[PDB]
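Encoded as structure tokens, the structure appears first; notes follow it.
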Amino acid sequence: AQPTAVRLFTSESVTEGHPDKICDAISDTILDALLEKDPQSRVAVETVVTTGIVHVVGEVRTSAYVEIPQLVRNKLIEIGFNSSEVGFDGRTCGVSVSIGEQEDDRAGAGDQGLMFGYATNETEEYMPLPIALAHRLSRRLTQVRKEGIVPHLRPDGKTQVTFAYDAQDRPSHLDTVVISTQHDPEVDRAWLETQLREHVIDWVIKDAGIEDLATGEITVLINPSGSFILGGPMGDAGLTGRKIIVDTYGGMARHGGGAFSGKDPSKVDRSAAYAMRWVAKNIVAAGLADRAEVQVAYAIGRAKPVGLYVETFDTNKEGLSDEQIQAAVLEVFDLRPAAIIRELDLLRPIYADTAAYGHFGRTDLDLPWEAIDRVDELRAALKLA
Amino acid sequence: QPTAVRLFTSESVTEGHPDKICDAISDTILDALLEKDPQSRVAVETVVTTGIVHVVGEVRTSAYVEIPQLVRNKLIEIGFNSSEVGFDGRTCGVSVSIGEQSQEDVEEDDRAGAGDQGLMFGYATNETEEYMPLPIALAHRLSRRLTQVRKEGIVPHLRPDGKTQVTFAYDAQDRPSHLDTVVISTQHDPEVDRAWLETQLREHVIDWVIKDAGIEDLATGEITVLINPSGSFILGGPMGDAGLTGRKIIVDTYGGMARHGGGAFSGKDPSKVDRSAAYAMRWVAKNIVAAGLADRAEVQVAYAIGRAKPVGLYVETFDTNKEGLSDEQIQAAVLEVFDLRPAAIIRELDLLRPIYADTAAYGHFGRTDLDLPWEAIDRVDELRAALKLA
Amino acid sequence: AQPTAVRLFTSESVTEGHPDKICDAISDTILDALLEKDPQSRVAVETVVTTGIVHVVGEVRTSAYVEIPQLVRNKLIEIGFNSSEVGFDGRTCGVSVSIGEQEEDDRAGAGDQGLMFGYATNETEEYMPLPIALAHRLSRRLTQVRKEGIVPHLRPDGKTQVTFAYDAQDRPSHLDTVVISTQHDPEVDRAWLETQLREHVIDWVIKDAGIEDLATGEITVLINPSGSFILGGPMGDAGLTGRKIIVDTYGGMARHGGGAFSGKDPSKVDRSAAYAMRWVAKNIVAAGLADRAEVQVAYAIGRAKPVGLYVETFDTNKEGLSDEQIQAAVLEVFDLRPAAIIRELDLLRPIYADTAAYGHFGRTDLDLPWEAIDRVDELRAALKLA
Amino acid sequence: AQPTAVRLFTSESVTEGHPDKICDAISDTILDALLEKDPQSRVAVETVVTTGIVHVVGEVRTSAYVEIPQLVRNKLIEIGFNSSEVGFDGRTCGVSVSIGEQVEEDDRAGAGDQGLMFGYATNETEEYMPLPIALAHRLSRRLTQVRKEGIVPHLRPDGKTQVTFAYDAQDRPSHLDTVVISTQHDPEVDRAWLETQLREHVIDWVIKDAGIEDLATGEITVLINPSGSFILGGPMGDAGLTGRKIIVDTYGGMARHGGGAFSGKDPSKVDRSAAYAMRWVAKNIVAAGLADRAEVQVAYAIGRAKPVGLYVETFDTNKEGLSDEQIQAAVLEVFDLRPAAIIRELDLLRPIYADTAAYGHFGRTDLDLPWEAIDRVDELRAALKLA
Ligand SMILES: C[S@+](CC[C@H](N)C(=O)[O-])C[C@H]1O[C@@H](n2cnc3c(N)ncnc32)[C@H](O)[C@@H]1O
Ligand SMILES: C[S@@+](CC[C@H](N)C(=O)[O-])C[C@H]1O[C@@H](n2cnc3c(N)ncnc32)[C@H](O)[C@@H]1O
Ligand SMILES: C[S@@+](CC[C@H](N)C(=O)[O-])C[C@H]1O[C@@H](n2cnc3c(N)ncnc32)[C@H](O)[C@@H]1O
Ligand SMILES: C[S@@+](CC[C@H](N)C(=O)[O-])C[C@H]1O[C@@H](n2cnc3c(N)ncnc32)[C@H](O)[C@@H]1O
Ligand SMILES: Nc1ncnc2c1ncn2[C@@H]1O[C@H](CO)[C@@H](O)[C@H]1O
Ligand SMILES: Nc1ncnc2c1ncn2[C@@H]1O[C@H](CO)[C@@H](O)[C@H]1O
Ligand SMILES: Nc1ncnc2c1ncn2[C@@H]1O[C@H](CO)[C@@H](O)[C@H]1O
Ligand SMILES: Nc1ncnc2c1ncn2[C@@H]1O[C@H](CO)[C@@H](O)[C@H]1O
Ligand SMILES: [K+]
Ligand SMILES: [K+]
Ligand SMILES: [K+]
Ligand SMILES: [K+]
Ligand SMILES: [Mg+2]
Ligand SMILES: [Mg+2]
Ligand SMILES: [Mg+2]
Ligand SMILES: [Mg+2]
Ligand SMILES: [Mg+2]
Ligand SMILES: [Mg+2]
Ligand SMILES: [Mg+2]
Ligand SMILES: [Mg+2]
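Residue numbers (full-length UniProt numbering), protein chains in the order written: chain A, 2 to 103, 125 to 407; chain B, 3 to 106, 122 to 407; chain C, 2 to 103, 124 to 407; chain D, 2 to 103, 123 to 407.
Here it is in structure tokens:
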């Protein structure tokens, strides 16, 4: 048949005040506090948030002592949960702790599992446009509250971005922007719309440099359903590792299923994901392709990956195959868990910054896995100039 | 110039894995509530750690269910019936923090708005009878057989917690070509010699699945088999290993072969777009491959809170489109044929029934053991019709 | 010859805002709410409060459903904990619930072993010791003053204490010291409170009590004598059901069995026997058979018949009656089998939330069945008295 | 000539396995573990125990770190909760922790709180304890001895003992009337088997050990597991908290109580330190020939190191024509009841508390407790001009 429809692709983000991101953030704050004092701290800490209470749960091996309830109440306060009026208060909320405890170049993976990494040309950050934009809107929505550019806002928020795509699977036009924010009851829906349209949407669209993808009719949906007066843990339970697609590539890329936050870099779910980001970004910035995705997988006890899979979605260049690039990857990168930590210098308190507004393509941060410092070595292995 | 073999991996876990225990407890509560009150609103999270199950979230129902009894019964059925195994359902702790009894159905009205924003992906492939990718299909079969040989006593001394992993060598046109690596880690009784377990699992679990799945054609020659490749697995489940609902969404879907919107399925009633739309996309994709419009299809959908019609939809067929149709043409057919408003999905697929507990382990998709409404090939004729075909 | 030291006896009370009473009140709100819907409900509900969280634990058999989290949040709003400013808000607090256990009629045995004590004294019209009676009146008044606006800037958590000088006959003589620590808004000074509480709490209560003939001379008054009482309730201060048994009973003037009252349905002999034994003691003192009377009863699990009973009048017996003699009189007038006690006092009704602060006994402001002076005739008669 | 009835007075105790004494014991294991490393540790810890879970709660200020979960699981195993079989297992139960609050000197050490506390002593026994609570503690202690030493098999840790005594008209113990014991057991035995094993190896062994054969003549009504099957115990279906056994911890109802718990409180809490002191005061009043039975009440205001209350009562057992007021005068001169002085007088900054968490805090001949030393007799008499 002749009817065609336009393909729209969507990615979402959430603020630090979303109860899932609260948990990812408390988990990574506890990890950081421990690495500050004992860099070799073994840490797998789940946070759960429900009305009035934060549960801290999981396994720690450490020489340090850290005041977990103070870490929790303080992080809740930076986030902005500082009264019962806004629905949660760091100073007066519950904290419950249930923690217990159950290197070598060739020391094996602590678990089996699969981990994916992705990079693309479409943005300077090497990040797909939909999630990059969704993240920018969620960062900005927190910023205009914290710097007091828009008054009456509260920490809980979600953003969503839908883009029109050409037949070649390339971004073409910004179609639909959704922003839902928590706020005071003294503020309505019309006032919020002009505030966020001005100070968040129009602002990010300029700062991202995409004003040529945002001409004509754009559907803008601001708080399109219900009064977002209360939020965070009040009414809506949060857990660590329930925002893994927000954490990554916003659905543009595949995922091995493992969460990041609350895990020290010994956990291949976290460090191998970061490694695959590193490998992928270096594949693309070395001009071996426009888009690259790399899976790795491990067996518990074994140190050499049990698997590695390169895909460039027909963006391959210099008449190279994915099997050829992958050979180069094996030649350039060392993917034993203990080597990745050495290579990316991961034994440091840098994780709390990654718990909200993405672990990848972070221009506001300085992440070891975002370094494009293996491009030359890749080009050499493929006999390129 | 030199070349590497591309190797793809997917994993599964048994119902005894602490994350799957949470998913199963969450979907046992959902089922129990839908049996008494099909319009129940349920967003129920389970946490497990040493000695204790926490039940947490939002519930709006006219029914009463004994959560602690359901929790203990599920654990005893899973196999956690003793402190010797590391967790006993009869003696475990159960804490319940649930509210939202109205104090703070549109799912029936088809013009009713999504309950939240979000993205959802569905996928299908003619690689298997169940329209599923081989890696996850094999991993799920291995995890199901691991639990099966224990509950039926085909292999003695086994315990509930376990993990399975499958790696396949892939050709240059992204097709599976050979089984390369199989991993099976299982909780077990202390009096077991690895060699006896290695031989038992090789014969009763791996070899059995390779025949049941009909892939001996892909399992010739040298296959790497790792069984309990690390340490001793005597304690398992929540003992020294925290579990949470929604921490196995890739195992619950396509094993990394397809994309994902990030939402969990267990603990959520069909009014949750995160689950209903993902089941819908599985339906749309399976009906696109069953109608021979492609060999593989991936469909994404997205919604805005308070809005019935999706904000977006994305059909990919990975250059496998047939009948010389583009992906923009198959999508035109999809919109003509499928009602993707949430309320319409719930009705199209008759979702207000207690059928969710069985999905909480071994996958939501390609379940020939079950009869799930989103696995039905019942929209093929309508799709081919709107594509001026038959 | 050898010098004498005036004997000084103390009793203490607490507001509904004290974290331990928060727990007793919640436990008894859940009990009342189950009996409102089902009078045969079996209830053994413990409450724990700590920073931000109420835990409800224990065992129930009921045919009814009760919204525990709402009863809890509501009962914190009434107590006055309705903001993070005060250190606890019922609307945003945590609630976690771990409850389980999904002549035969009077030959029904008692659910447990145990000892329970009952006391009466003619010192007061409510037949309560002077010190715990005054104590209760002080903490009741401290709450009333905040909830009616008589004193502003007050917060719910508070403790009152009362020490009395006594004669050589174990009889009260004078009020030596009243102490009153209260929570308050940080916009207030101890000096302002000292005068406001002395006026509107201590002086009002000394009058309302009819105790001004014991009020003369120098009274030592300690008002917020330490630190600043700005936060209270569960903030920085763990609370548990069954942690205020002496405050709930006779303030140490009488003996105690050990059993908590709150969170227990009347089949729990810990409660129903102590209620019975208040009733007997009160009827002994109102019968003119002694000025002070204390009775101990003990049960064995499974046996309806008490295994022990022990009347004591501290040598204040009247009409030449021995304790043994009064004790045989009690057995004749009083069915002290669990099931009888329930029938006698009509306990299967929602009347316990009220008992959870300010005392279980001598409650003039209530209508408690165990406070009924209605076996006076049958006690006299059985003793050949007019 | 109206009819008489004999007066019957009762006391109870519970084993270390009773869910409430679990909490007290765990709370005092934490206190000890902290005093062991920091003697100035400020500890206000509550334990809660329900099916499968121990909640540890309250306030602590210490320079030390202790592995609370390790302390909990081990205490539960020592008690004998070491299996899902017996209804709770130390090795696999939950542990959740919710703690926080990281001119004369002894005059500025004012009381932590307001509160009344009570002390008691009596001639009736070698350990200066009333007869009922003394017998109940020995029965409950015996009831765990025979399990731990394999003297009576098929026993589990949960356990309750009650003791009723006939009283003569002068409020004095005449006859051992009724003994209750309810013990947790394996299914491999029944009420009848226990009936005879507990009689021979617990009850009869204790009557001889306590030397009350002359109270033990005639017809003793002995009720043993009188009701239900006691197969599962501890927290399995029965919530325990710290501070819900304060009368078993004291004198079994014979004496009065101020209503403060002991367990999980450091000696800076007067609820604990004053009560211990008051036992010490009363046990010296009685051993100094000054009386047969002595009860003393002390009371504090928060901020004030000087008691706001003192009350000596000897129940007309006072000797040498001395009034209660005169005995009180000497008590004041010989005893410093300021909180800091009590801690120093009895050396309370030591890990000695887990042993008081069961079987009584007073009259404890199996232990060596500061507040049990009769070492103020000579001084008290001197104050009354005696020899
Ligand atoms: C803090 S201690 C190390 C202190 C040092 N060994 C000492 O004696 O003071 C380490 C272990 O205690 C447990 N733990 C519990 N709460 C902790 C906390 N707040 N910080 C660190 N470790 C904690 C973890 O299992 C961890 O391995
Ligand atoms: C028990 S249900 C319906 C009760 C019914 N309206 C009645 O007659 O009592 C009411 C609410 O209780 C809450 N709830 C708490 N525990 C529950 C449980 N075990 N089963 C069902 N609802 C429960 C949910 O918020 C639910 O919407
Ligand atoms: C809810 S009651 C009666 C249920 C009612 N017959 C029904 O099925 O619709 C059943 C049991 O639930 C337990 N329970 C748990 N939470 C409860 C609550 N909030 N109110 C009442 N019972 C509750 C009690 O142990 C009680 O025996
Ligand atoms: C861990 S202690 C002393 C630690 C020492 N100052 C350091 O930096 O390593 C500090 C506070 O931690 C809290 N705490 C929480 N859990 C504790 C535990 N298991 N042992 C000791 N203190 C604990 C108490 O409030 C205590 O005063
Ligand atoms: N009224 C609302 N409008 C839009 N999003 C909301 C609203 N209330 C809550 N949310 C967000 O969506 C999630 C699910 O309700 C919440 O955790 C919060 O982040
Ligand atoms: N010794 C072990 N070998 C392999 N897998 C294990 C072992 N112990 C636990 N596991 C599994 O891996 C997860 C993380 O260690 C556990 O939840 C469990 O499923
Ligand atoms: N600053 C204070 N002064 C006196 N009593 C207080 C103070 N703060 C709390 N309290 C009371 O005493 C207990 C704390 O020791 C609390 O339960 C509370 O009721
Ligand atoms: N079957 C029983 N017989 C007697 N006492 C029991 C029995 N089961 C439990 N107990 C004790 O009585 C308490 C409450 O019933 C429990 O905490 C336990 O110590
Ligand atoms: K939720
Ligand atoms: K874990
Ligand atoms: K306290
Ligand atoms: K109980
Ligand atoms: Mg979530
Ligand atoms: Mg993982
Ligand atoms: Mg997990
Ligand atoms: Mg969602
Ligand atoms: Mg208290
Ligand atoms: Mg009791
Ligand atoms: Mg108890
Ligand atoms: Mg106290």
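Where a beta carbon is used, it is the ideal one built from N, C-alpha and C, also for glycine.
| Check | Outcome |
| --- | --- |
| Quick check on residue 53/B - is its C-beta less than 8 Å from some C-beta in chain D? | yes |
| Return no unless some Cβ of chain A is closer than 8 Å to the Cβ of residue 44/D. | no |
| Using a Cβ-Cβ distance under 8 Å, would residue 98/A count as near chain D? | yes |
| What runs of the alpha helix (DSSP H), each 4 residues or longer, lie entirely inside the region 284-341 of chain C? | 290-307 |
| Between the alpha carbons of residue 36/D and residue 371/D, how many angstroms are there, rounded? | 6 Å |
| Using a 10 Å radius around the Cβ and a threshold of 16 neighbouring Cβ atoms, would you call residue 207/B buried or exposed? | exposed |
| Quick one: what does DSSP say residue 265/A is sitting in, helix, strand or coil? | coil |
| Does the beta-carbon of residue 70/A have 16 or more other beta-carbons within 10 angstroms, so that it is buried, or is it exposed? | buried |
| Is any heavy atom in ligand 5 found nearer than 7 Å to the beta carbon of residue 284/B? | no |
| Using CA atoms only, rank isn't needed, just tell me which of 57/D, 129/D and 145/D is closest to residue 98/D. | 57/D |
| Taking only heavy atoms of ligand 8 into account, decide whether any of them is closer than 7 Å to the Cβ of residue 253/D. | yes |
| With a threshold of 6 Å on Cβ separation, who are the neighbours of residue 81/C within its own chain once the five nearest residues in sequence on each side are excluded? | 177 |
| Between which two residues does the beta strand (DSSP E) harbouring residue 177/B extend? | 175-187 |
| Rounded to whole angstroms, what's the CA-CA distance from residue 198/B to residue 274/B? Just pull it up for me. | 17 Å |
| I'd like to know if residue 68/A contacts chain D, where contact means its C-beta is closer than 8 Å to some C-beta of that chain. | yes |
| Of all the CB atoms in chain A, is at least one closer than 8 Å to the CB of residue 24/C? | no |
| Give me the pocket residues for ligand 17, defined as CB within less than 5 Å of any heavy atom, sorted by chain position. | 21/C and 264/C |
| Mind checking residue 391/C: buried by the 16 CB within 10 Å criterion, or exposed? | buried |
| Using alpha carbons as the reference points, say which of 55/A, 237/A, 194/A and 30/A lies closest to residue 44/A. | 30/A |
| Just grab the DSSP bridge partners of residue 83/D for me. | 90/D |
| Beta-carbon separation of residue 337/C and residue 95/A under 8 Å? | no |
| Does the contact criterion of 3 or more C-beta pairs under 8 Å hold for the region 327-335 of chain C versus the region 148-162 of chain C? | no |
| Rank 387/B, 314/B and 306/B by C-alpha distance to the C-alpha of residue 396/B and give the top, closest one. | 306/B |
| Hey, which unbroken runs of the beta strand (DSSP E) at 3 residues or more fall wholly within the region 226-281 of chain C? | 241-244 |
| Could you tell me whether the Cβ of residue 88/B comes closer than 8 Å to any Cβ of chain D? | yes |
| Please decide whether residue 95/D counts as near chain A, where near means a Cβ-Cβ distance under 8 Å. | yes |
| For residue 277/D, return the contacting residues in chain C, with the cut-off set at a CB-CB distance below 7 Å. | 267, 273 and 277 |
| Give a yes or no on contact between the region 276-283 of chain C and the region 251-264 of chain C, applying the rule of three or more CB pairs nearer than 8 Å. | yes |
| Assuming the contact rule is C-beta atoms closer than 8 Å, residue 328/A and residue 319/A should be a hit. Round their C-beta distance to whole Å, please. | 5 Å |
| Please identify the residue among 63/B, 4/B, 132/B and 59/B whose C-alpha is closest to the C-alpha of residue 293/B. | 132/B |
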